[PDB]
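Each ligand, and each atom within it, is numbered from 1 in the order the structure gives. By convention in this document, chain letters (A, B, ...) are assigned in the order of the sequence lines, proteins followed by strands, and residues within each chain are numbered from 1. Values below: all heavy atoms of this structure, side chains included; hydrogens, waters and symmetry mates excluded.
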There are 2 protein chains.
Amino acid sequence: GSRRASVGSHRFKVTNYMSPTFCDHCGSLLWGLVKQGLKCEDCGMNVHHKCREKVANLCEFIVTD
Amino acid sequence: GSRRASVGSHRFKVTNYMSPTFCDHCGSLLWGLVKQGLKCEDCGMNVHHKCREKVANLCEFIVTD
Ligand SMILES: [Zn+2]
Ligand SMILES: [Zn+2]
Ligand SMILES: [Zn+2]
Ligand SMILES: [Zn+2]
């Protein structure tokens, strides 16, 4: 048997975080109070602008529907 | 770049076909007027009962959302 996974590449979008949030790539704070970084619209990964260049494109999540 | 695909295993359900439908595995008609075969709830593959055990479990389709 297998989980069903959605498998593609990240789709990052600039995001306003309402609480202090860290980069899921590098571990440093997403600095500031607005437009602090990017969130993948598919898997929710949060990254700095600079870290968008550094993450693997692979984007997977388990479909729990 | 990558398509987004849903990737899991088939989820076959006994199906009452309304029009003449063929087995996507073996090519023979799904005989009868009711419960003629099984349809995968995820990818739509149609199979005879006997062909359910002959198909690969792999079930993928492109997410066009
Ligand atoms: Zn992602
Ligand atoms: Zn970072
Ligand atoms: Zn399937
Ligand atoms: Zn068949």
Side-chain angles (χ1 to χ4, degrees):
Chain A
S2 175
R3 287 170 294 197
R4 180 159 297 270
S6 174
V7 181
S9 291
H10 295 295
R11 182 166 48 108
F12 286 111
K13 180 186 170 200
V14 172
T15 296
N16 296 319
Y17 298 90
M18 306 312 302
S19 67
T21 302
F22 294 83
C23 181
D24 289 327
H25 178 66
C26 73
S28 289
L29 185 66
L30 302 180
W31 312 284
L33 300 178
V34 308
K35 293 183 142 52
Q36 302 100 313
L38 304 113
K39 186 173 194 62
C40 177
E41 303 188 58
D42 298 302
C43 75
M45 194 183 191
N46 298 312
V47 300
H48 290 110
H49 284 283
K50 65 181 174 187
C51 295
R52 185 189 191 170
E53 309 271 359
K54 301 172 184 292
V55 300
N57 287 338
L58 179 61
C59 176
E60 307 193 21
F61 63 90
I62 301 312
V63 308
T64 49
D65 179 273
Chain B
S2 169
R3 283 170 298 196
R4 184 155 293 271
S6 175
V7 181
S9 297
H10 293 298
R11 185 163 46 111
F12 283 113
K13 179 171 184 259
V14 173
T15 295
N16 305 303
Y17 296 87
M18 302 310 298
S19 64
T21 303
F22 295 82
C23 181
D24 288 329
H25 175 70
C26 75
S28 285
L29 186 67
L30 300 181
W31 317 282
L33 299 171
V34 297
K35 291 149 34 200
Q36 302 96 314
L38 306 109
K39 187 175 192 59
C40 179
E41 306 187 54
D42 298 302
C43 74
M45 195 183 190
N46 298 311
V47 299
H48 290 109
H49 288 278
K50 66 181 176 186
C51 295
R52 184 184 190 169
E53 303 186 46
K54 301 181 186 194
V55 302
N57 288 339
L58 180 64
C59 176
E60 308 196 21
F61 63 90
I62 300 312
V63 178
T64 55
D65 193 328

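B/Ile62 and B/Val7 fall into different hydrophobic clusters, where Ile, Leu, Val, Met, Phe, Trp and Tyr side chains are chained together by heavy-atom contacts under 4.5 Å. Taking hydrophobic clusters as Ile, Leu, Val, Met, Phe, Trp and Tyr residues chained together by side-chain heavy-atom distances below 4.5 Å, B/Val14 shares a cluster with B/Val47.
Within the protein, the N, O or S atoms lying under 2.8 Å from the Zn ion (ligand 1) are A/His10 ND1, A/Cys40 SG, A/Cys43 SG, A/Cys59 SG. For a distance threshold of 2.8 Å, the protein N, O or S atoms nearer than that to the Zn ion (ligand 2), listed by chain and number, are A/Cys23 SG, A/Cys26 SG, A/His48 ND1, A/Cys51 SG.
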* From CA spacing to verdict: side chain to side chain contact (heavy atoms under 4.5 Å, CB included), B/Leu38, B/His49 -> CA-CA 7 Å; B/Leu38 306 109; B/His49 288 278; 3.6 Å; yes
* Asked: Under the side chain to side chain contact (heavy atoms under 4.5 Å, CB included) criterion, do A/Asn16 and A/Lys35 qualify, and how do the steps go?
  -> CA-CA 5 Å; A/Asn16 296 319; A/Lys35 293 183 142 52; 3.5 Å; yes
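Using a cut-off of 4.0 Å between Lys/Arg side-chain N and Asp/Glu carboxylate O, B/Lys13 and B/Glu41 are scored as not salt-bridged.
In this structure the side chain of B/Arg4 reaches within 4.5 angstrom of the side chain of A/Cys59, judged on heavy atoms. Between B/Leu30 and B/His48 the shortest side-chain heavy-atom distance falls below 4.5 Å. Side-chain contact between B/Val55 and B/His10 is present, with at least one heavy-atom pair separated by less than 4.5 Å.
B/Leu33 CG: 12 or fewer foreign heavy atoms inside a 6.0 Å radius.
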